[PDB]
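Below is one structure, written out as C-alpha cells, with a few remarks after it.
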Amino acid sequence: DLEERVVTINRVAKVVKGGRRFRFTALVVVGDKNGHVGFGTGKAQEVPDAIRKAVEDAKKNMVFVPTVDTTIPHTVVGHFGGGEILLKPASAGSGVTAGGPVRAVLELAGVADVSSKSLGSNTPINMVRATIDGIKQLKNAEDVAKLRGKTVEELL
RNA sequence: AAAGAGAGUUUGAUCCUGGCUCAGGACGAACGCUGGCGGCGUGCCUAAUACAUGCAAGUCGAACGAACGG
Ligand SMILES: [Mg+2]
Ligand SMILES: [Mg+2]
Ligand SMILES: [Mg+2]
Ligand SMILES: [Mg+2]
Ligand SMILES: [Mg+2]
Ligand SMILES: [Mg+2]
Ligand SMILES: [Mg+2]
Ligand SMILES: [Mg+2]
Ligand SMILES: [Mg+2]
Ligand SMILES: [Mg+2]
Ligand SMILES: [Mg+2]
Ligand SMILES: [Mg+2]
C-alpha cells in the first residue's frame with residue numbers, strides 16, 4: 011500500500027479545423043515512507059482519469075533511496091535538461107527544506123531531514139527528473155567499502 | 001560544529017533563454033485609524049541657518065596694605 015500525491019494538473023490543447031480540443035495532464039509522485047518512491051505522467055479528457063493513468067505509470071519508475079540516520083549519506087547534484095537540484099544532508103530535527111515538487115519526492119521517500127536548492131528552471135516535470143538524477147548518485151558507506159575492498163571502520 | 005524552500009507573467013498548447021513583480025528581515029523613520037499600564041533604552045537625519053532670556057569656570061586671608069566688633 012503506497013501513498014499518492016498529485017503535484018501539478020495542467021490543461022493542454024491542440025488546434026483542429028473547427029476549434030481547439032483540450033486535455034488534462036497530471037504528474038503524480040508515489041511511494042511508501044520506507045525508502046521507495048516513483049513518479050508518473052497521465053493524460054485524459056477528465057482530471058480524475060488523468061490521475062488514474064499517472065498512478066499506474068508511476069508504479070513503473072520505482073527507485074530506492076539510501077539514507078543514514080534519516081538523512082542522505084552525502085551531497086549530490088542532480089541534472090536533467092534545464093533543471094538541476096542540489097541535495098545536502100542536514101542535522102537531525104531540522105526537517106525537509108525543499109521547493110514545490112521536490113518536497114514530494116523526499117517526504118514520500120521517507121527522508122526526514124534534508125536541505126535542497128533548485129538552481130535551474132522551474133518546470134515541475136524537469137524538477138522531478140533532476141531530483142531522481144541525484145538519488146542515482148547516492149551511495150551508502152557499506153557498499154563503498156565493498157567496491158574499494160576496504161572495511162567500514164577503515165573508510166571513516 | 002555549521003549547512004541554501006519558491007510563486008505569477010511572452011504561447012492555440014510546449015520546452016529553453018530572459019527581464020519585471022511578489023511572499024522575509026531592519027530603521028534615530030514619517031503619515032492614517034485606534035489607544036490601559038510598568039521596566040529598560042531612544043528622540044533636528046533638513047539651514048556648520050539667525051538667535052530673545054536665564055545658567056554652564058572658578059578658587060586660595062595658612063603669599064601681601066580694609067568694613068562690622070573695647
Ligand atoms: Mg495567453
Ligand atoms: Mg526568471
Ligand atoms: Mg530569510
Ligand atoms: Mg514583508
Ligand atoms: Mg490614551
Ligand atoms: Mg491620538
Ligand atoms: Mg545636524
Ligand atoms: Mg558657517
Ligand atoms: Mg545673552
Ligand atoms: Mg549652578
Ligand atoms: Mg591674614
Ligand atoms: Mg597654602
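Residue 11 is where the first sequence starts when you use the deposited numbering, and the numbers rise one by one after that. The C-beta atom is built at its ideal place from N, Cα and C for all residues, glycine as well.
Whether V75 touches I95 by CB criterion (7 Å)
Start at 1 with the first residue of the first sequence, and residue 75 comes out as number 65. Start at 1 with the first residue of the first sequence, and residue 95 comes out as number 85. The answer is no: Cβ separation not under 7 Å.
Can you give me the start and stop residues for the alpha helix (DSSP H) that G144 sits inside?
Within the first sequence, the letter at position 134 stands for residue 144. 134 to 145 is the extent of the alpha helix (DSSP H) around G144.
So what does DSSP say about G52, is it helix, strand or coil?
Residue 52 sits at position 42 when you count from the first residue of the first sequence. If DSSP states are grouped into helix, strand and coil, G52 belongs with the strands.
Extract the residue ranges of the beta strand (DSSP E) inside the region 42 to 101, only unbroken runs of 3 or more that lie entirely within it.
46 to 54, 95 to 99
Which of the three DSSP states, helix, strand or coil, is assigned to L165?
Locating residue 165 in the first sequence gives position 155, counting from the first residue. Helix at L165.
Beta-carbon proximity check, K53 vs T77, cutoff 7 Å:
Residue numbering aside, residue 53 sits at position 43 when the first sequence is read from its first letter. Residue numbering aside, residue 77 sits at position 67 when the first sequence is read from its first letter. Not closer than 7 Å, so no.
Helix, strand or coil at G29 according to DSSP, with G and I counted as helix
Residue mapping note: residue 29 aligns to position 19 of the first sequence, counting from 1. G29: strand per DSSP, three-state reduction.
Evaluate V38 with the Cβ neighbour count: other Cβ atoms within 10 Å of its Cβ, from every protein chain shown; 16 or more gives buried, anything less gives exposed.
By 1-based counting over the first sequence, the position of residue 38 is 28. Buried is the call here.
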